[PDB]
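Listed below, chain by chain, are the residues.
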Amino acid sequence: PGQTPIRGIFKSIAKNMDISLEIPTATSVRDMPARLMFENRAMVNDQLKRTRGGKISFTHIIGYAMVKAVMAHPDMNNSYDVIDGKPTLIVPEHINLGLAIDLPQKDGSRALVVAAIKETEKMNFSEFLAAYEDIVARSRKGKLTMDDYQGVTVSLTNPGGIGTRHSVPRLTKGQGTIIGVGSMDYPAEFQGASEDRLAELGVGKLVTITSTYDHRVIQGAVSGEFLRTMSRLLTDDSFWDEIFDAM
Amino acid sequence: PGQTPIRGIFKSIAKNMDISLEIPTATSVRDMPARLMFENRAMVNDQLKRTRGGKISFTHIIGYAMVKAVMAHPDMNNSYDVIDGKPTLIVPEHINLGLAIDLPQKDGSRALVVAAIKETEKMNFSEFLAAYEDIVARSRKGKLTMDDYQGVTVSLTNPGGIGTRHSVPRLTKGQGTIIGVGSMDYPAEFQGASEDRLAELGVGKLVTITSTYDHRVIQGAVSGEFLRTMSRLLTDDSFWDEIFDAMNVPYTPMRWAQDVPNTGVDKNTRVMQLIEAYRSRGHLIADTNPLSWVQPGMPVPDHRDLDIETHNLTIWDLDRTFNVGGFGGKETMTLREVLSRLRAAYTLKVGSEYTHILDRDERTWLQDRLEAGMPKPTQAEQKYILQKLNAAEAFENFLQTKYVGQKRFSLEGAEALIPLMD
């Protein structure tokens, strides 16, 4: 009980959130079928088991879909800055994707950091999976450099791990959009029904995806079209042929 | 039409909303099943009706759950301030819960104010309900002081009263989070379906809860875990045992489970087995003891036969209809009505044992008279019972007063013997 100064990484988190108050933001929300993800993921993991490989996750698949969507709609990768006292649009060279890694510290307090997968627009699924697992692996062993925390152009967060349905997050300075992935579960009006009855009707599972963007450089129509493309890819013949070919 | 200056309480509301522009905020949204709330609330209100008490609401239950959740995740009670020009985290002593009371004024314009229930982390449900009703009562009579509007640490709002599904509200300076409660209703794709069809499928009702927090001192993971805990409590065995214990209700609470298929032994067979169990063994849970006393060294008999789980039935069967074979003078009935009748006949102030009798005509005579119930007595009859009770107690007290040491073997404690013999 009482007052105590903020020190350390926590002070840095506080200062950045204060700076972020000068970004005008809007949000879009869309819900998508998730049945084909479950099925096709199971098929890939059966192949890996016989070849004594690993295991792919839902974040891997949604991550790759997000990259393909940004390529289809490049405006989602731009940002805003005032340079020499004039308004300016900034168009980067690469798509660098930031992952929200929740890592406990030596003290015993959780802190969130964003590490980057770099040069993602010249990768196939095999290459993408390797880069992802590289960042995660080095984080646990404590071998991340200062270069890994620089140059992020677009971010991904996953509040659906705990079981949140969707969120409205904050955007940090230097980026144009942040994407959020919600719970993959039956709606709550069906959480007491029998399996037999759900199977008869033909009820599937959901995933809800959000987009929070800077309104000085991205308009609503672009954000909507971005989410429509992601919805199409996760149920598309050509998308799953690429992944199967590569694995 | 035109321009007019803002004056009064409205000017204060305007100024505070302008100050609130300097808080960085984020929001989380989660949807939760609400069937067990409906069921267990009905059971509590039935107890209060017989004891000429009041009525509990959904805000009371969600309020109490919210307090328990903040205790489990204390970071949700903290706030931010700059003191001597340095950033600072503030950790309060108590959990003071603010209620959004919409009260019309003398003028005829509605205004919203936040009053506080104080020191909530050292309360049980009985105490909590009293404090809640205290604040509400004094608000209507216009007897709130200035101390009641100070020291709020966390707030609760209810936009679902009108029927809004969810909201994204503003956070005021001095707090860390605000919680919002949305509509408790079927989704809009089911608002034209039949009751019969919804009952067959097993569709329940929702409640959507939101959390808006200051991101300088609370992170997203904490907010998510907070909502996960609230979801677990509202469907938890131990949570509903506390509430039932505190309100003095004698039954076991309804439990949470999945709907089961009508396979193997049919469900009509199971409802007939439940009727037989209450007729045979219902006296084991009847309200026949004036004291709340269990003798420490005596064995307690098993009475698992009297809960619907042992007969493979669930909350999802309560509004379905079954063949009951003349029970209650009806050929067909719902499981809700069956349970109601059984409990009224075999679990109140009279407990009966008669199923061991071998003759069929004897059994039927007793069964018919115990299920019809006790007829309502006239006023003359009622006054006659009061005269006899008075005589009994008065006689004992007279002898006590006039002959103190003398041995008499009193009937105090058992004065109902006189009207029974009469």
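Residues numbered from 1 in each chain as written, not as in the entry; some residues may be left out. Chains lettered and ligands numbered in written order. Part of a larger assembly, values for the part shown. Heavy atoms only, no water. Residues with missing side-chain atoms left out of burial classes, pairs and counts.

- Structure determination for this entry, per the PDB record, employed cryo-EM and reached 2.17 Å resolution.

A look at the pattern of salt bridges
Here is step 1 of the chain: Counted by the stated rule, this structure contains 31 salt bridges over all chains.
Here is step 2 of the chain: Note that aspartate 18 of chain A is salt-bridged to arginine 216 of chain B, the shortest N-O span being 3.2 Å. With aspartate 18 of chain A in helix α1 (residues 9–19) and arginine 216 of chain B in the loop between β8 (206–214) and α6 (220–233), the pair connects residues from two separate chains.
Here is step 3 of the chain: Judged by its relative accessible area of 13%, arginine 216 of chain B is buried.
Here is step 4 of the chain: Here the salt bridges share partners, and the residues they tie into one network are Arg35, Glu39, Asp319 and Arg336 of chain B. (Salt bridge = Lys/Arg side-chain N within 4 Å of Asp/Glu carboxyl O. Helix = DSSP H or I, 4+ residues; strand = E, 2+ residues; numbered from the N terminus. Buried < 20%, exposed > 50% of the residue type's maximum accessible area, 1.4 Å probe, protein only.)

Re the UniProt feature "active site" in chain A
All names here are of chain A.
Here is step 1 of the chain: Following the UniProt record, the feature "active site" maps to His215 here.
Here is step 2 of the chain: Take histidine 215: it is sitting in the loop between β10 (206–214) and α6 (220–233).
Here is step 3 of the chain: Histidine 215 sits in the partly exposed class, given a relative accessible area of 42%.
Here is step 4 of the chain: The contacts of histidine 215, once residues within four sequence positions are left out, are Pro24 and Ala26. (UniProt positions renumbered as here; feature names shortened; annotations may be inferred. Contact = heavy atoms within 4.5 Å.)

Comments concerning the interface of chain A and chain B
Here is step 1 of the chain: Contact residues are listed per partner, giving 33 residues for chain A and 43 residues for chain B.
Here is step 2 of the chain: Counting each side, the surface lost to burial between chain A and chain B is near 3,400 Å², with a carbon and sulfur contribution of 58%.
Here is step 3 of the chain: The largest per-residue losses of area from chain A upon contact with chain B belong to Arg110, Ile162 and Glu189 of chain A, which jointly make up 18% of the total buried on that side.
Here is step 4 of the chain: On the surface where chain A and chain B come into contact, there are 3 salt bridges.
Here is step 5 of the chain: Across the chain A-chain B interface, the total number found is 14 residue pairs in polar contact.
Here is step 6 of the chain: When grouped by side-chain class, the residues that make up the side of chain A that touches chain B number 15 nonpolar, 10 polar and 8 charged.
Here is step 7 of the chain: Pairing between strand β8 (residues 166–168) of chain A and strand β1 (residues 25–33) of chain B: 3 bridges, direction antiparallel. Within the sheet, the bridge partner assigned to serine 167 of chain A lies in β1 of chain B and is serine 28 of chain B. (Buried area = accessible area lost by both parts, 1.4 Å probe. Polar contact = N/O pair within 3.5 Å; in protein donor to acceptor, adjacent residues only side chain to side chain. Nonpolar A, V, L, I, M, F, W, Y, C, P; charged D, E, K, R; others polar. Pairing = 2+ DSSP bridges.)

Quick look at helix α4 (residues 125–141) of chain A
All names here are of chain A.
Here is step 1 of the chain: With 17 residues, α4 extends 25 Å between its outermost C-alpha atoms, agreeing within 8% with the 24 Å of an ideal straight helix rising 1.5 Å per residue.
Here is step 2 of the chain: Its buried side turned inward, α4 meets α3 (58–72), β5 (97–104), β6 (110–117) and α7 (237–246).
Here is step 3 of the chain: A positive backbone phi angle near 70° is found at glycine 142, which sits one or two residues after α4. (Expected span 1.5 Å × (residues − 1).)

Description of the layout of surface pockets
Residues and elements named next belong to chain B.
Here is step 1 of the chain: Roughly 1,500 Å³ of volume is contained in the second largest pocket.
Here is step 2 of the chain: If you trace the second largest pocket, you find 39 residues lining it, with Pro250, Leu284, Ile285, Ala286 and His303 closest to the centre.
Here is step 3 of the chain: Residues belonging to the lining of the second largest pocket are distributed by class as follows: 21 nonpolar, 10 polar and 8 charged. (1 Å grid on protein atoms, 1.4 Å probe; cavity = no way out; pocket = protein on both sides within 12 Å on 5 of 7 lines; lining within 4 Å. Points joined across faces, edges and corners; volume = space filled by probe spheres on them.)

A short note on the packing of aromatic side chains
Here is step 1 of the chain: Per the counting criterion, the structure on display carries 14 aromatic pairs over all chains.
Here is step 2 of the chain: Seen from their ring centres, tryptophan 256 of chain B and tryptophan 316 of chain B are 6.3 Å apart, and the 75° between their planes marks the pair as edge-to-face. Of the two residues, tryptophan 256 of chain B sits in the loop between α7 (237–247) and α8 (267–281) while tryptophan 316 of chain B sits in the loop between α8 and β9 (321–323), which places them 60 residues apart along the sequence.
Here is step 3 of the chain: Of the aromatic side chains, those joined through ring pairs into one cluster are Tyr64, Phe125, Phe128, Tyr132, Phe239 and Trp240 of chain A.
Here is step 4 of the chain: Just above the ring of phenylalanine 58 of chain A sits the side chain of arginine 41 of chain A; from NZ or CZ to the centre is 4.5 Å.
Here is step 5 of the chain: We note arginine 41 of chain B situated over the ring of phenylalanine 58 of chain B; from NZ or CZ to the ring centre the distance is 4.5 Å. (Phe/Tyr/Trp six-rings, centres within 6.5 Å; stacked < 30°, edge-to-face > 60°. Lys NZ or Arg CZ within 6 Å of the ring centre and 35° of its normal.)

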